[PDB]
Amino acid sequence: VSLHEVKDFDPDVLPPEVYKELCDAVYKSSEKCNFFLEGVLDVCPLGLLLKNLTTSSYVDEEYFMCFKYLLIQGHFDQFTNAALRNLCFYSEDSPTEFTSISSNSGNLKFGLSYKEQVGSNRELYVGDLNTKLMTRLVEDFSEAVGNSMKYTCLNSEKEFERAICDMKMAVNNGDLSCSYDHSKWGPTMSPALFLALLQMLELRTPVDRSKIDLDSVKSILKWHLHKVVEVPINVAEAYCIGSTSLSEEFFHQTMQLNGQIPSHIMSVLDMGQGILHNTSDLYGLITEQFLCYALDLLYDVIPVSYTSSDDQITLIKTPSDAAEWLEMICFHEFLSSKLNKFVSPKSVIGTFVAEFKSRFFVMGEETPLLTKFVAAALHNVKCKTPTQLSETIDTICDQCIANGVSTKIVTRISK
Amino acid sequence: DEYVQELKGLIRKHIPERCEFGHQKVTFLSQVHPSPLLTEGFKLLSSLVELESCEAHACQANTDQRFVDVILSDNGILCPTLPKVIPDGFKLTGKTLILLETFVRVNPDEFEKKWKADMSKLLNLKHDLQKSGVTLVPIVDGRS
Ligand SMILES: [Mn+2]
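Residues numbered from 1 in each chain as written, not as in the entry; some residues may be left out. Chains lettered and ligands numbered in written order. Part of a larger assembly, values for the part shown. Heavy atoms only, no water. Residues with missing side-chain atoms left out of burial classes, pairs and counts.

cryo-EM is the method the PDB entry states for this structure, with the resolution given as 3.7 Å.

For this entry, the PDB title field holds "Dimeric structure of Machupo virus polymerase bound to vRNA promoter".

Printed below as a string of structure tokens:
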């Protein structure tokens, strides 16, 4: 009873797992003269609310509410213009002077979260309004630059179709296919790489040749480099209240050994997924272009590549049976690893099946992807009214019948 | 003074609903010097805005701009050594307190910035006042 004084003083958070149920049941049924009253008293006038609540909880089966009502009834809870003019309506936090690490209005604070996927949970970063607008002007500049780009396939369906048809012809011809999947693309990249890339670039104008200065871009990218992310609290109680874990060890090393409890994380290389997609896209595109140019000049074999900012595909058109070229593939892997483009072991580098955006292409035809569409149709019953549900089922069935599934199956879905 | 006397003439369309309205009005009209008028004009406009906002919600205007400790010690209540903070509007009834801090921001980003800052600086006070004293309910009135 008294242990709430030394511990947290909130009576509404007292857990029932610390005390037995028999003691709670028998304690609430003890003597109480001024803490209970006769009758239910549905009118409930002001001044006697606790007594009515205690009576209503006692007449019911549950006694934990009665116990906490008894606990709270017993009172166990016991002339310059720059300093004097910043409190009425003055917007002191307006961004007017900024440094390389902040903007006089925060530090681009972020929040971590999850999003469920079929394989493994995907990272997610939520931004406050200021950092949202800042990263969003970065986004707009980067989509502009990538719209100037030609080989990118992230938001241009024409180039995606060109890549698809080139892939189909390549498979039909006997082209060399390299479906590259990059591991840890998000948590490995750092803004400083983009800083160096944009510092070394020129970004020439179409007609003026004026060599646009990206000073604002550099400053905001430095801001992004100096972003701070706040850890979710739930893991904070999970680790504080209390199997060997490295992050749990780091927490156990950093509650009072160096400072206070960890609540804000700050480091060099984060590149929050969902925040710098297109800048990383253009960086990967130009790096892959450099690599394919190097392959052309070294191994006299003709490369083409398509990149989607997370995975890429490279077609190798060969002069003049597939065991004489492991060396250049290892060389390309080494050079990519020299850059910040580590390749996951899931990449397949032969010439029978090609992969891009989960759309396999094989000699002669294309995989129907039946069971994926069937499972998608069976799931995601987004129900508000029957009419919209019929519309959604119709759309999903159209998508399913597009990839040659069957028509004796869609009838069963309709049934 | 092409606009100073113009401002004095055109600010006459104001209702002195409260005593402090006239108290600040007479001081403003009886003082024409380059350095103060902007300061007390801003403060009178802010006082009008906060008065509208708080008597929108059963106000008791803080004409003294004093701390929470003294207003809690006005009646019989022990001092828990509360951290200092200046309230805009207070209403205490029985053993309860209702706190209202209002502001105005024409741009959204600054509006939620001030809202979050005020909410954070008013939440932390409950953990100290509840331990050895009475409650409070913090309400924030933000006007765009
Ligand atoms: Mn892939």
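Student: In this structure, what is going on with the sheet that holds strand 6 (residues 302-307) of chain A? I would like to understand it.
Tutor: Pairing between the strands of a sheet comes from backbone hydrogen bonds, and it takes one of two forms, parallel or antiparallel. Residues and elements named next belong to chain A. If you trace the 3 strands from one edge of the open sheet to the other, you get 3-7-6, paired in antiparallel fashion. Bordering the open sheet on either side are strand 3 (176-181) and strand 6, each of which pairs with just one other strand. If you compare each strand with its neighbour and ignore which way they point, the axes differ by 15° on average. Bridging between strand 6 and strand 7 (residues 311-317) involves 6 bridges; their strand directions are antiparallel. (Pairing = 2+ DSSP bridges. Helix = DSSP H or I, 4+ residues; strand = E, 2+ residues; numbered from the N terminus. Axes fitted to C-alpha atoms, helices over the stretch in contact; angles between N-to-C directions.)

Student: Help me understand the interface of chain A and chain B in this model?
Tutor: Buried accessible area, meaning the area lost when the parts come together, often serves as the stated size of an interface. Counting residues at the interface gives 18 residues for chain A, matched by 14 residues for chain B. For the side of chain A that touches chain B, a count of residues per class yields 6 nonpolar, 7 polar and 5 charged. (Contact = heavy atoms within 4.5 Å. Nonpolar A, V, L, I, M, F, W, Y, C, P; charged D, E, K, R; others polar.)

Student: Any chance you could explain the UniProt feature "active site" (unreviewed entry) in chain B here in plain terms?
Tutor: Per the UniProt annotation, the sites labelled "active site" (unreviewed entry) are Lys114(B). In this fold, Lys114(B) is placed in helix 5 (residues 108-123). For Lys114(B), a relative accessible area of 24% gives the class partly exposed. With residues near it in sequence (within four places) discarded, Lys114(B) still touches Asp93(A), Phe103(B), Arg105(B) and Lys121(B). (UniProt positions renumbered as here; feature names shortened; annotations may be inferred. Buried < 20%, exposed > 50% of the residue type's maximum accessible area, 1.4 Å probe, protein only.)

Student: Help me understand unusual backbone geometry, please; the structure alone is not making it clear to me.
Tutor: For residues besides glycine, phi is generally negative; the peptide bonds are generally trans as well. Residue and element names in this part refer to chain A. Its identity is not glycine, yet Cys 44 carries a phi of approximately 55°, on the positive side. Within the element layout of this structure, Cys 44 appears in the loop between helix 2 (21-27) and helix 3 (49-59). Even without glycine at this site, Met 271 takes up a positive phi of about 45°. The residue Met 271 is located in the loop between strand 5 (264-265) and helix 12 (277-299) in this model. Among the residues examined, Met 271 registers a relative accessible area of 5% and is labelled buried.

Student: I would appreciate a short explanation of the pairing of strand 1 (residues 89-93) of chain B in the present structure.
Tutor: Remark: a regular strand shows side chains that alternate across the two faces of the sheet. As judged from the 5 bridges shared by strand 1 of chain B and strand 2 (residues 96-104) of chain B, these two strands associate in the antiparallel manner. Opposite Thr93(B), over in strand 2 of chain B, you have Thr96(B) as the bridge partner.

Student: When you look at the packing of aromatic side chains in this model, what are you seeing that I'm missing?
Tutor: Each aromatic ring pair is summarised here by two numbers: the centre-to-centre distance and the angle between the ring planes. Counted by the stated rule, this structure contains 10 aromatic pairs over all chains. Relative to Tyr63(A), the ring of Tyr58(A) lies with its centre 5.7 Å away and its plane at 70°, an arrangement referred to as edge-to-face. Judged by centre distance (6.0 Å) and plane angle (40°), the ring pair of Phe103(B) and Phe111(B) falls under tilted. Among the residues examined, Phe103(B) registers a relative accessible area of 5% and is labelled buried. Stacked on the ring of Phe342(A), the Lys or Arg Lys184(A) has its end atom at 6.0 Å from the ring centre. (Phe/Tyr/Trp six-rings, centres within 6.5 Å; stacked < 30°, edge-to-face > 60°. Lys NZ or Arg CZ within 6 Å of the ring centre and 35° of its normal.)

Student: Looking at this structure, I do not really get the packing of helix 3 of chain A against helix 4 (residues 64-73) of chain A. What am I missing?
Tutor: When two helices pack together, their arrangement is given by the angle between the helix axes and the distance between those axes. Residues and elements named next belong to chain A. Running from N to C, helix 3 and helix 4 cross one another at 155°; their axes reach a closest spacing of 8 Å. In terms of orientation, helix 3 lies roughly antiparallel with respect to helix 4. Seen from above, helix 3 lies across helix 4 with left-handed handedness. Contact residues: helix 3 offers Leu 50, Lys 51, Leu 53, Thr 54, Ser 57 and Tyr 58, while helix 4 offers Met 65, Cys 66, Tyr 69 and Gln 73. Tallied by class, the residues present in the contact of helix 3 with helix 4 amount to 6 nonpolar, 3 polar and 1 charged. (Parallel < 35°, antiparallel > 145°, perpendicular 65-115°, else oblique. Left-handed = near helix turned anticlockwise from the far one by under 90°.)

Student: Sorry if this is basic, but what is going on with the pairing of strand 7 of chain A here?
Tutor: All names here are of chain A. The element strand 7 is extensively covered by neighbouring structure, given that 6 of its 7 residues are classed as buried. As paired elements, strand 3 and strand 7 share 6 bridges and run antiparallel to each other. In the strand pairing of strand 7, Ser 179 is matched with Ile 313. Joining the antiparallel neighbours strand 6 and strand 7 is a turn of 3 residues, in which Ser 309 adopts a positive phi near 75°.

Student: What is the right way to read a nonpolar patch on the surface from this model?
Tutor: A cluster of nonpolar side chains, namely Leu87(A), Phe67(B), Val70(B) and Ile86(B), defines an oily patch on the protein surface of about 350 Å² accessible area. Within the secondary structure layout, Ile86(B) lies in the loop between helix 4 (68-74) and strand 1. Taking relative accessible area as the criterion, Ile86(B) reaches 34% and is therefore assigned partly exposed. (Patch = residues over 30% accessible without salt bridge, like charges linked within 9 Å, V, L, I, M, F, W, Y side chains within 5 Å. Areas by Shrake-Rupley, 256 points an atom, 1.4 Å probe, with all protein chains shown as cover. Salt bridge = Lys/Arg side-chain N within 4 Å of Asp/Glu carboxyl O.)

Student: Is there a simple way to explain the side chain of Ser309(A) in this structure?
Tutor: Residue and element names in this part refer to chain A. Structurally, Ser 309 can be placed in the loop between strand 6 and strand 7. On the basis of relative accessibility, which here comes to 7%, the residue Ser 309 falls in the buried class. Setting aside residues up to four positions removed in sequence, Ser 309 forms contacts with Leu 154, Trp 185, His 277 and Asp 281.

Student: Any chance you could explain the layout of surface pockets here in plain terms?
Tutor: Using a probe with the size of a water molecule, rolled over the atoms, empty space left in the structure can be pinpointed. All names here are of chain A. Estimated volume of the second largest pocket: approximately 1000 Å³. The wall of the second largest pocket is formed by 36 residues, among which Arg 122, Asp 181, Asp 310, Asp 311 and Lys 346 lie closest to the centre. Looking at the lining of the second largest pocket, its residues break down into 9 nonpolar, 16 polar and 11 charged. (1 Å grid on protein atoms, 1.4 Å probe; cavity = no way out; pocket = protein on both sides within 12 Å on 5 of 7 lines; lining within 4 Å. Points joined across faces, edges and corners; volume = space filled by probe spheres on them.)

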